[PDB]
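**Student:** Quick check, what structure comes out for this input:
(one chain, ligands or ions: 1)
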Amino acid sequence: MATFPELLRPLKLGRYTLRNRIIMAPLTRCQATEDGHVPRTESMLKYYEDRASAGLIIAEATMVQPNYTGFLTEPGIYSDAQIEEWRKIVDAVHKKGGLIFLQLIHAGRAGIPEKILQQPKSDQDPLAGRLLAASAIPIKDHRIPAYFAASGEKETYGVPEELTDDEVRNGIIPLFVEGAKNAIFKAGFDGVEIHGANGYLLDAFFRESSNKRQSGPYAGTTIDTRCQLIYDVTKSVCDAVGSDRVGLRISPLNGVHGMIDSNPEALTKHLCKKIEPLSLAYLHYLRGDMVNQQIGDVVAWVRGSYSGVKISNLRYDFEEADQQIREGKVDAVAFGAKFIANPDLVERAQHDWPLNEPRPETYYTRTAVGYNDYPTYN
Ligand SMILES: Cc1cc2nc3c(=O)[nH]c(=O)nc-3n(C[C@H](O)[C@H](O)[C@H](O)COP(=O)(O)O)c2cc1C
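**Tutor:** Numbers count the residues shown, from 1 in each chain. The coordinates are given below.
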């Protein structure tokens, strides 16, 4: 008898059928180039192909705005050079019979000032050379880690400029659309995930602590207007590539990057109802707080307010994932740290084999160490 039979069941998701419900969460590993944000092809190809038994891989946060870096050496999806290398990585995943979506990010107030502010403000890009956010409120009491910093030592987050409604509508949204078209039409990704989580640009409009806008369609003053940017980006991307190739990620309780909302339950339920008519491939959420402060039954909120495919994440083991699928609470579960450490995570679930332990101190080496050196089970 199978150990985790519900977790290992196929799942209809958008226009696809996943082989199982073990999802690889998006994981920034910094294995792209600093200058051009081009994937380090063979390194990333090995890493993703080694994990391609996953029902679905969500590839790491990938830049939609030229040079708007939050992680120093993350990949982009805005240039022809990036597209060509991604195409090869995606091909390798497909050769293993896998499926892969690309997570699309704008770092917002988590942009690296020492990189972004040294870019020339000229020509065909009015958003260039500027730190940009919902409001002019910097991330406080959290330094840029040494592994994301331009200098290789801790740096300070900057005070962002408040985006005008014009810049949001005519600058930001079209970048997400173009990025999605590039990813799917040109690189061959099966879909894209909109990054509406973890304190980055879209989440910064979504939650109270970061959106203090007093007017306009993206005002911080109501739940509906705070939901509007996530809706508008997601809708525009759906119109471009098909909603059956679009997912959305949110994190209503995650306190990273000074994120907090006074009413996450009402916020979450409203967003669920607002995005229902989009017929997304899935909604992906962090069910709690990495800081262990903010509490609430996000799984229940989403299940009661959203009729589509629900992917949950954060501190799941196989047993809990299997049980929540069994109970009809979620459709699938994404795993982060366990996929870093276990290329053959799915096979380990099939056999109930023990799991490799992650080494957090080597998450961001930019070499094979702590990246391509976790073995399969003997
Ligand atoms: C090294 C590392 C990189 C990550 N990069 C991303 C990212 O690019 N996008 C994202 O939405 N979440 C990212 N996360 C959060 C994970 O997707 C996931 O939500 C988190 O690891 C919690 O799941 P777990 O308990 O299964 O590890 C990252 C987490 C880690 C540890």
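**Student:** From now on I want contacts and neighbour counts done on CA atoms only, so please keep to that.
**Tutor:** Will do.
**Student:** From residue 211, how far off is the residue nearest to residue 199 when sequence neighbours are not counted?
**Tutor:** Of all residues beyond its chain neighbours, the one nearest residue 199 is residue 257 (5.5 Å), with distances taken as CA to CA, 6 or more residues apart in numbering. Distance of residue 257 to residue 211, computed by CA to CA, to the nearest Å: 13 Å.
**Student:** Which one of these two is surrounded by more residues?
**Tutor:** A direct count of neighbours by other CA atoms under 10 Å for residue 257 and residue 211 places residue 211 higher, at 22 against 19.
**Student:** close to the ligand, is stretch 39-52?
**Tutor:** No: residues of stretch 39-52 contacting the ligand under CA under 6 Å from any ligand atom: none, with a closest distance of 13.8 Å.
**Student:** Contacts for that stretch next, please.
**Tutor:** Applying CA atoms under 8 Å, 6 or more residues apart in numbering, the external contacts of stretch 39-52 come out as 31-33, 57, 74-76, 82, 85-86, 88-90, 92-93, 96-99, 339, 343-345, 368, 371-372.
**Student:** chain center to that stretch: distance?
**Tutor:** Centroid displacement of stretch 39-52 relative to its chain, using CA atoms, centre = their mean, to the nearest Å, is 18 Å.
**Student:** One more: stretch 24-35?
**Tutor:** Distance, stretch centre to chain centre, for stretch 24-35: 11 Å (CA atoms, centre = their mean).
**Student:** could you dump that stretch to CSV, C-alpha only?
**Tutor:** Listed in CSV are the C-alpha atoms of stretch 24-35, where the atom choice follows Å, rounded to 0.1, in the frame of the first residue of the first chain:
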residue,chain,number,x,y,z
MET,A,24,8.4,22.6,-6.2
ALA,A,25,8.1,26.1,-4.7
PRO,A,26,9.8,29.0,-6.3
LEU,A,27,13.3,29.3,-4.8
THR,A,28,15.8,32.2,-5.6
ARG,A,29,19.2,30.6,-5.9
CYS,A,30,21.1,33.5,-7.6
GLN,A,31,22.6,31.4,-10.4
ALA,A,32,22.3,34.0,-13.1
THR,A,33,24.7,36.7,-14.3
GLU,A,34,25.1,40.0,-12.5
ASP,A,35,25.3,42.2,-15.6
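**Student:** what's it in contact with?
**Tutor:** 38-40, 43-44, 54-61, 71-75, 103, 313, 334-336, 339, 363-364, 366-367, 371.
**Student:** residues in contact with residue 329?
**Tutor:** Contacts for residue 329 (CA under 8 Å, 6+ apart) come out as 299, 300, 303.
**Student:** does residue 91 count as helix, strand or coil?
**Tutor:** The assignment at residue 91 comes out as helix when based on DSSP: H, G, I helix; E, B strand; the rest coil.
**Student:** Spit out the contact partners of the residue nearest to it when sequence neighbours are not counted.
**Tutor:** Nearest in space to residue 91, with sequence neighbours left out and distances taken as CA to CA, 6+ apart, is residue 188 at 7.7 Å. Neighbouring residues of residue 188 by CA under 8 Å, 6+ apart: 87, 90, 91.
**Student:** Contact residues of the stretch 201-350 of the chain facing the ligand?
**Tutor:** Within the stretch 201-350 of the chain, the positions near the ligand by CA under 6 Å from any ligand atom are 313, 314, 315, 316, 335, 336, 337.
**Student:** Enumerate every residue touching the second one.
**Tutor:** Residue 314 sits next to 286, 287, 288, 290, 334, 335, 336 when contact means CA under 8 Å, 6+ apart.
**Student:** now for the helix or strand hosting the fifth one, which elements pack on it?
**Tutor:** Translated: residue 334. Following DSSP states H and E, the helix or strand that holds residue 334 is strand 332-335. Applying 3 or more CA pairs under 8 Å, 6 or more residues apart in numbering; DSSP states H and E, we find strand 332-335 packed against strand 22-24, strand 310-313, helix 318-326.
**Student:** Note down every partner strand of the second one and its orientation.
**Tutor:** The sheet places strand 310-313 alongside strand 282-286 (parallel), strand 332-335 (parallel), with pairing taken from DSSP bridges.
**Student:** highest average neighbour count across those?
**Tutor:** Each of those was scored by mean neighbour count; the highest is strand 332-335, a mean of 26, by mean count of other CA atoms under 10 Å.
**Student:** neighbouring contacts of the helix or strand just after that one?
**Tutor:** Using DSSP H and E, the helix or strand that directly follows strand 332-335 along the chain is helix 337-341. Helix 337-341 is touched from outside by 24, 25, 51, 345, 355, 356, 357, 358, 359, 371, 374, with contacts defined as CA under 8 Å, 6+ apart.
**Student:** out of the residues you listed, who's nearest residue 203?
**Tutor:** Distance to residue 203 across the contacts of helix 337-341 (CA to CA) is lowest for residue 25, with 17.6 Å.
**Student:** re earlier: drop anything exposed from the contacts of helix 337-341.
**Tutor:** Those of those that meet the buried threshold are 24, 25, 51, 345, 355, 356, 358, 371, 374, by 16 or more other CA atoms under 10 Å.
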